[PDB]
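J.:
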Amino acid sequence: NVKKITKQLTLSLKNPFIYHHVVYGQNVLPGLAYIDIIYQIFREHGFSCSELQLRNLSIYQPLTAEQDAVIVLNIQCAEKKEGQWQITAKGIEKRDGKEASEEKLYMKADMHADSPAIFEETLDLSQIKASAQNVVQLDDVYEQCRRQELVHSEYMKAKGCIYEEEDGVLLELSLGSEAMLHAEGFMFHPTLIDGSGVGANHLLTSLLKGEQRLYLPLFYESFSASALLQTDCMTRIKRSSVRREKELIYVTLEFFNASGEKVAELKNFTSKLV
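Residue numbers for the sequence shown follow the authors' numbering, so the first one is 6 and each next one is one higher.
This is the structure in structure tokens:
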């Protein structure tokens, strides 16, 4: 029924992800929020998350807003071949200040309607905790972010802790009380997904060789999901998936429900040094 889907978003400091996510003092839509954005759009046209695979998402620049400026973000999904959409998100900044500015490319991606997303992997969660060598509370990791001038507050700060071992990390993530109140309308909650990125970056620390400049999202190879991630998740990051190559870091995020079943994966989440 759809060949061309468009959605216009008005992004400003009224948006709680932008207001509560500050990078080198600028309010920024977390790049990991695009997953929710895109899956909302297809859902509105009848697609279940399990029908789709998001592929080759690229971020061209951060989506930033200051003061009262509004970014009017036009998302077009165009069905190039059957079950294959090219997505582009381009925005114009409206203010006063000075009125509408020139159109900028923020993100592009592909969405494939082929293939149902199914996962067989399960985990014995308690076991994994019991075998943990150290537990890091997540507030302490957000403490470190703030020292590197990345500041999540309130709605944007996940709750939980990181279970560390030689082989990887397990992130026990849930919404804070303010975001929890509104979790029901999300598909892949940006706080859960961003928090998982923050956990990944904590496992990358040794490979970072003391570097303090932030790494922002650049590229996602794929995202696939058999169920929504709304209130909580268990995220595993395997050391074998994480690497640094000069200016670029790579990780693979595996999402599990509270019962331990694998329900999503972000493969080769790539970020780039600022």
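Just so you know, even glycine gets a beta-carbon here, dropped at the ideal spot from N, CA and C.
(1) Quick check on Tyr29: does DSSP put it in helix, strand or coil?
(2) If you follow the beta strand (DSSP E) that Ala230 is in, where does it begin and where does it stop?
(3) Near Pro67, what residues of its chain come up, given a Cβ to Cβ distance below 6 Å and the 5 sequence neighbours on each side ignored?
(4) What is the DSSP secondary structure of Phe261, counted as helix, strand or coil?
(5) According to DSSP, which residues form a beta bridge with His157?
(6) If distances are taken between C-alpha atoms only, which option among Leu37, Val28 and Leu176 comes closest to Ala205?
(7) Where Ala105 and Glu154 are concerned, what is the direct C-alpha to C-alpha distance, given to the nearest angstrom?
(8) Where are the alpha helix (DSSP H) runs, 4 residues long or more, that stay fully inside the segment 12 to 100, in chain order?
(9) Along the beta strand (DSSP E) that carries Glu270, what are the first and last residues, could you check?
(10) Which one of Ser211, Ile40, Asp144 and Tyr147 has the shortest CA to CA distance from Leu271?
(11) Only counting runs of 4 or more residues, tell me where the alpha helix (DSSP H) segments fall wholly within the segment 110 to 153, in order along the chain.
(12) For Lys109, which option in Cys82, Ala122, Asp101 and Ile76 has the closest C-alpha, if you only look at C-alpha atoms?
(13) From the DSSP secondary-structure annotation, give me the bridge partner or partners of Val174.
(14) Going by DSSP, what residue range makes up the alpha helix (DSSP H) through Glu183?
(15) Would you tell me roughly how many angstroms separate the C-alpha atoms of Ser55 and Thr210, rounded to the nearest one?
(16) Count the other CB atoms within 10 Å of the CB of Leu186; is the residue buried (16 or more) or exposed (fewer)?
(17) From the beta carbon of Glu108, is the nearest beta carbon of chain D less than 7 Å away?
(18) Tell me where the beta strand (DSSP E) around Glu108 begins and ends.
(19) Take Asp199 and list the residues in its own chain whose beta-carbon comes closer than 6 Å to its own, dropping the five residues that flank it on each side.
(20) Kindly list the residues whose CB is nearer than 6 Å to the CB of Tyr255, restricted to its own chain and excluding five residues on each side of it in sequence; keep chain order.
(21) Could you give the first and the last residue of the continuous alpha helix (DSSP H) run that contains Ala163?
(22) Please classify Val256: does DSSP put it in a helix, a strand, or coil?
(23) For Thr69, collect the residues of the same chain with a Cβ closer than 6 Å to its Cβ; drop the 5 residues on either side in sequence, then sort them by chain order.
(24) First and last residue of the beta strand (DSSP E) that includes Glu250?
T.: Based on what the coordinates show:
(1) Residue mapping note: residue 29 aligns to position 24 of the sequence shown, counting from 1. Coil at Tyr29, not helix or strand.
(2) Position 225 of the sequence shown holds residue 230. Segment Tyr220 to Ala230, the beta strand (DSSP E) holding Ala230.
(3) Here residue 67 refers to the residue found at position 62 of the sequence shown. Closer than 6 Å at Cβ, skipping near neighbours: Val33.
(4) Translated into positions along the sequence shown, residue 261 becomes position 256. Here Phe261 sits in strand by DSSP.
(5) The sequence position of residue 157 within the sequence shown is 152, counting from 1. Per DSSP, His26.
(6) Taking the sequence shown and counting its residues from 1, the one referred to as residue 205 is at position 200. It is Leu176 whose Cα lies nearest to the Cα of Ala205.
(7) Mapped onto the sequence shown, residue 105 falls at position 100. Mapped onto the sequence shown, residue 154 falls at position 149. Each residue's Cα considered, the two are about 30 Å apart.
(8) 21 to 24 and 39 to 49
(9) The sequence position of residue 270 within the sequence shown is 265, counting from 1. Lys267 to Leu278 is the span of the beta strand (DSSP E), which, as asked, contains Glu270.
(10) By one-based count along the sequence shown, residue 271 stands at place 266. Comparing Cα-Cα distances from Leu271 to each of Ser211, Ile40, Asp144 and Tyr147, the minimum goes to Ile40.
(11) 130 to 135 and 143 to 152
(12) For the purposes of this step, residue 109 is taken as residue 104 along the sequence shown, with counting starting at 1. Checking every option, the nearest Cα to that of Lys109 belongs to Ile76.
(13) Locating residue 174 in the sequence shown gives position 169, where the first residue counts as 1. In the DSSP output, where bridge partners are listed per residue, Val174 has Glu169 and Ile242.
(14) To locate residue 183, count along the sequence shown from 1; it is residue 178. Note, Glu183: alpha helix (DSSP H), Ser182 to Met185.
(15) Working through the sequence shown from its first residue, we reach residue 55 at position 50. Working through the sequence shown from its first residue, we reach residue 210 at position 205. About 33 Å.
(16) Taking the sequence shown and counting its residues from 1, the one referred to as residue 186 is at position 181. Exposed, by the Cβ-count rule.
(17) Among the chains in the structure shown there is no chain D, since it carries only a single protein chain.
(18) Taking the sequence shown and counting its residues from 1, one reaches residue 108 at position 103. It is not in any beta strand (DSSP E) - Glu108 carries neither H nor E in the DSSP assignment.
(19) Your numbering for residue 199 matches position 194 in the sequence shown. Result list for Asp199: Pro35 and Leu37, in chain order.
(20) On the sequence shown, residue 255 is found 250 positions in, with the first residue counted as 1. Excluding sequence neighbours, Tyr255 sits near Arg248, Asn273 and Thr275.
(21) Counting from one through the sequence shown, the residue named residue 163 turns up at place 158. Looking at the DSSP string, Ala163 is not in any alpha helix (DSSP H), and its letter there is neither H nor E.
(22) The sequence position of residue 256 within the sequence shown is 251, counting from 1. In this structure, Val256 counts as strand in the three-state DSSP scheme.
(23) The residue labelled residue 69 in the question sits at position 64 within the sequence shown. Excluding sequence neighbours, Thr69 sits near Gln31 and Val33.
(24) Counted from its first residue, the sequence shown places residue 250 at position 245. Here the beta strand (DSSP E) through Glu250 covers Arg248 to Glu250.
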